[PDB]
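A, B, C, D, E, F and G label the chains in the order they appear, each numbered from 1.
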Amino acid sequence: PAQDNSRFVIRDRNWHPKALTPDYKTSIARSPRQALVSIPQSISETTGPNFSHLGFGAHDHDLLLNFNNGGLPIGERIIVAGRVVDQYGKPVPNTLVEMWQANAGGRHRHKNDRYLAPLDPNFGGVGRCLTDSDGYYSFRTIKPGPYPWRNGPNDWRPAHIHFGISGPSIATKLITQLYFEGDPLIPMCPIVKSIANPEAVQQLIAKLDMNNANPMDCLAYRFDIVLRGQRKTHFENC
Amino acid sequence: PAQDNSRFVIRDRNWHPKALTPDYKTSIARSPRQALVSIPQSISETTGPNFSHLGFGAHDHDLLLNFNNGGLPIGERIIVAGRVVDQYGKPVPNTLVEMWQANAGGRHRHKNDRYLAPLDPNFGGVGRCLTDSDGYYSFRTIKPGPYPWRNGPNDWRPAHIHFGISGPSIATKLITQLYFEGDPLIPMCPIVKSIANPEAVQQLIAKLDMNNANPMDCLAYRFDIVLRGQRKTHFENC
Amino acid sequence: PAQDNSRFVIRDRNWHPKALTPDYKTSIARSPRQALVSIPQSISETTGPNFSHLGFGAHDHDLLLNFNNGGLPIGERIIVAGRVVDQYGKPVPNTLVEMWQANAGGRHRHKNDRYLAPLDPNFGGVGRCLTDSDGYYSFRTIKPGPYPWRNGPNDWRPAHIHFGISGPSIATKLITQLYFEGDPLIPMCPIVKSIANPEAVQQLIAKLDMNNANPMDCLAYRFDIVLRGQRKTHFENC
Amino acid sequence: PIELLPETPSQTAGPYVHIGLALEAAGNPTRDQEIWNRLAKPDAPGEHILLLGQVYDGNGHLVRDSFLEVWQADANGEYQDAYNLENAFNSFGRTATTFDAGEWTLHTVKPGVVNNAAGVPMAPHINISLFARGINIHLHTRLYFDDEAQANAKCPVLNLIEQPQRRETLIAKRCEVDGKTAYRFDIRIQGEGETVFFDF
Amino acid sequence: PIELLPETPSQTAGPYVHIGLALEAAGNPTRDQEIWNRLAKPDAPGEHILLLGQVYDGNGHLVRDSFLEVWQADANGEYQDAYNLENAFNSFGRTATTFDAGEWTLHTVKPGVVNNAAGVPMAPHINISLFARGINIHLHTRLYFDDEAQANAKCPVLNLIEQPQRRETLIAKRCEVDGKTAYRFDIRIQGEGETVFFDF
Amino acid sequence: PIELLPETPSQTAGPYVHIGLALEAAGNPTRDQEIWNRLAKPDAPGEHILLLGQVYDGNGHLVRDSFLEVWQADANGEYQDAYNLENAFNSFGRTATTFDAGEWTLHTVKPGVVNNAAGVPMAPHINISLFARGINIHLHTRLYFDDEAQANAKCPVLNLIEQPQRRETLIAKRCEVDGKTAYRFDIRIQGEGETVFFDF
Amino acid sequence: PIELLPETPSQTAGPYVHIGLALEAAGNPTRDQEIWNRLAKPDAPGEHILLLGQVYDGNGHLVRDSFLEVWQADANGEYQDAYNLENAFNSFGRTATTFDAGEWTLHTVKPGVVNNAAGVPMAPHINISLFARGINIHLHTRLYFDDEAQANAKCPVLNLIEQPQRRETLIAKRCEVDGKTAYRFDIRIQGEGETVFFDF
């Protein structure tokens, strides 16, 4: 069983996007109008599952091969890798990292995607992996294409991949999106603009990583995710 | 038959790339060591074919359909359009514009391309079109992927499409390459760096054009090409 | 036997000196006119000698004493020390560092040095050492003086000491020269000026390190060396 | 003041969350091992319950693309953190509501009691995180049980909510689905009867 | 001084130039109408010739990925600028050298004579533009004929080249291929015997 | 993009490279232990050979202040990394051309076969790095054997070179010197016949 | 990206919108020619109808200083663009709610069917633009008919609205006023029952 020996740095809700960001339409009816109630951290919040024993398949992190129907996906081969650390800079080992995305052309393999771009018969779109002892993770995939959506009349999502990260506790779990360095769609996307401070937008742009690329094969991008800092409890109930 | 009534502005060979740019390897054995001899312009240089009567097929400018093998190419649907003008800003009507490129993943449909990324069964890679009365041209295609090549050890070409443009005379014909706005591969490519002045590099970056995009369908980029200015002859042989 | 588990970051041939640098006269006939052929890294390029069992004398890093004809060399007694890391900032333990330099006068103990500054009978000019578990190396020596050379009619090399560093492979082996903080000859030498970016030059300048000096005995300089980055192989032949 | 590295910012989970987190549900083939809605296997200790709810938006309409993560103590009141598809009890699970399923369901045992940091017991509760399109950062809530009125009346977390009618929104209603004991927890995101959401 | 808009910069045509300009040659299916190497059809007026050459680099090796565009007057010395695949003569054509073909060939008639801007006649010449990988901006040259020595000796363009041995490089050599009259124009890009290149 | 710390820039070894690195060839006393030109003690496995060559500059003059380091597999295709002066065989060694010795030599064994990163065998080669005054960053080459013609035609490395003639410059011609099997391998730095140099 | 000149920004029409645009309803003398609420002269083709409605604010109070412009196809599904006061039918017209007339009206004909950009028929609708004090940029809506239930279920436009209840706010309820066929279409700007407004 898990022990309450930890506390997590309180979230900066001005750094993160707000609930109501009206330019992102769906958020109008999907956000609480009352205030969040603040609660002290107990063992219900500071513990969270550990996924070390989860049975991972050999290509779980390898989107070029995990779906495969006698073939290779079409599109830019890329490795996306990085490191998971907390706010104090400590690595976060054996953490679950999940990701999903569209194909090269912007189509998602899901019933609700009605978009004209076709499905790629050799591409699924999901991956998972556990971070190593040093907090490193990595996947290989194809760079997604941008896509249109019904928000405003000619709104287009920039290329991105979605990410989920568990971390040490349920207080640390996060879902986010990586974007790619230099995409002129970035500054225009209302979901991206839901983040008020531009330095926070920056933290989501995965940067081109030539030192990690495989010469004559695939490019690489680096994306480092930082989770709430974890500290030991001190002076509590005196 | 064509008449000698025109002169063309002399080329700025410092604006254009030089012949010998050693970081681009092949250029070492492919460039003249003697100087270009300078010749006055005669009718041999100031006339050039007109392609108005060339028999264009219906999808010649439409790379989403011109190859087609019961299908749609995979990758970012884009319209690339622009205008052809001379250095004085005059439009260049009924000009031949040709282009070619790789597929979404960086593979060229040509025997010499040994690259691991696969061929897309619904994609060819060539297009042509004649500019309208106002100098406008346009095509529709998929955004090419970047690709590796044997120059240096981990050199990658940025996404581009090649362009040829005839113009009014053989003195105006040009072959160039369009790159896409914000591609972090641009500043690193030795072929791009063969152009010494950064303002000349800029003239090759096709910019994201949201006003020209088809909502819920395809994005657009704009690329305007400027050919040598054409003037009427004045005070010649007195 | 050695195993091919590593890959080395590609060198930047725009940061290092070019092979042809005309002011450095001797490079004109000693440089390839053809382009370097890139090859993929294999076990032949990724392994290298390990000098852990070579048997160093007790005084091989000590130039004040390793030549000794019952006397101390004349000149500024200095300790030169530093650390060898890779481009990821990882120390490089147990590597061989070798160095050679002239005497306090600019004379080298070699038959071709016909310079009028005399030999110092207690000074040889060579050392070698192995870095430690943490990447540290160290020497005791006398500050070399500048000497003239037959390049331009009044050229003088700044004081320098030569270093050869093996690293983990032959892909990392490197020969460089360390220069001394504020020597006004540095910006004037064609051999230094063969390095085009001045920041790259800045990395060759050893800094006076008072924290490491021995009071009443000898000054110290600090020189750290950065060897090509080493990473594990990932996603190779899938 | 002292600044740490800032936290990567949250982004909505979007309409396609199921493709990476609820595979069956996006109507896609699964992997050998998935994190899903059965927290307890039939031979696990405690009282077996079935939970279900529906998710509402501000206009009183169903939210059919939501995805929920839950965290709970077992029956003797301990957090089983080592996830394993062989264990009889996992404290963690995941469920979703789909265009097909307007409703989520979770097969678990009623949790035991745990103390807060100060040593005071809390009433039985499931911790819940909610994600969906239009939600930029996920929401935190607690599901409590209606037949645990005495423990609920003294819980030091429920008491942090100022207004009493607001504490009610957190209380799942005992009911019966296929004659098997169940609790209904409906979530109202916004509006009249908005569910309380937390921050910690 | 007065500045006009600057000219889009040139970029190499690259190794894959054939995919967009010499379709057959990239070994790809063609379109109904292509700009190729037959400038004259068998019933066109003038003397029919066949030209061919090879392209060399600085090391004496063949350039097998080159692409050439040519422009020439017909037999009565007029530039037919209206391109049409039905005309008996087009003044423009295009040819390439391939890994298969180390050599380019062009089926045309010997051109007539044209005057320069000053009224002085030029010797018969084909105008040539060359493109290939490693060439950043294309090269300009003129192909002259060796059996037109008198006209060549007075051409006001050949005379602009200072050194006489350099004028030679521009002179195609009369020969016979399949017993049909031919001229050989080899191009040396760099080195010993470098072909003269122009700027205008 | 992602930027790493820069590598320390290279500098020429200079004319006095010998004093730090070929103590004998500078005519200075040696130390107990030196890295030199004897890779193979005479009782090591494999076929014993003697290598020699000359190094020319672009004017065809001898470079007599040059320094060479070598790396090669033993006779079984294994790279022996632990350098030790007591092993029968070491995979590293150093050699030099002097004002006296215009020629360099090395005593070793023909290397057996190694595979490349894709598992494809390369032909027997010795890796060579060449440093001298006038060379700002050392030059990498490979020495291959003329009696290995077949393995040489299939080599993934020798086949990365476009031009067949340029492959010939990495090929050492077999000879004999005092009844002992020898290969001559001359290096031309620049010019007619330039040896091929590599980047990796 | 590519940047165009900006559109001039919108501003509220304000309380006195009537004086520039509903001269009669401001109680000011008119001009010979006014754009008004009679689209159909009584002898035009199609089914003649009377439209009316009220406009509420978010507090449920009547908006009595409001101005409406309309655009609709004739009875054959054709948009008549040349405005002329002599045509039997015009596709444009204007109407207003006053301190006196809390209600607006329009005399016209039920519009026939038009296709959308993909060739798919939309159900009969009238496009409405609503301006008043307190509205910074006018609001676009569409008026559809309750007796056209089938065409309404297949409309590509009414089907772009996610929630079925919200489609009902664009539906005008058929009634009769003095023996003449009438539809009531009320607009709720804000709040309970808010009419749907569009962007295009």
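Everything that follows uses one rule, which is that a residue touches a chain if its C-beta (ideal position, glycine included) is under 8 Å from a C-beta of that chain, and two chains touch if they have at least 3 such contacts.
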Count the C-beta pairs in contact for A-D and for A-G, then report the pair with the higher count.
-> A-D
Between A-D, A-G or B-G, which repeats the contact pattern of A-F in over half of its pairs?
-> B-G
Starting from the mean Cα coordinates of chain C and chain G, work out the distance between those two points in Å.
-> 83
Rounded to the nearest Å, the gap separating the Cα centres of chain F and chain G is 88
Report the inter-chain centroid distance for chain C and chain E in whole angstrom, where each centroid is the mean of the CA atoms.
-> 55
Rounded to the nearest Å, the gap separating the Cα centres of chain B and chain F is 46
Could you tell me which residues belong to chain D and also touch two or more other chains?
-> 59, 61
Going by residue number, chain C touches two or more other chains at 9-10, 13, 33-34, 38-40, 87, 229, 236
Residue ranges of chain A touching chain C (in the complex, touch as defined) | 62, 64-65, 79, 81, 138, 140, 210-212, 214-218
Which positions of chain A touch chain F when the two form their complex?
-> 181, 207-212, 222
Using the touch definition up top, name the residues of chain F that touch chain A in the complex.
-> 1-2, 4
Chain A touches which residues of chain B in the complex?
-> 71-72, 74-77, 103-106, 115-118, 120, 142-143, 145-146, 148, 150, 153-154, 156, 181-185, 188, 207-208, 210, 213, 215-217, 219
Flag every residue of chain E that touches chain B in the complex, lowest number first.
-> 4-21, 23, 26-28, 31-33, 35, 57-59, 61, 63, 69, 71, 73, 78-85, 90-92, 99, 114-119, 122, 125, 127, 129, 131-140, 142, 157, 160-161, 166, 189-191, 194, 196-200
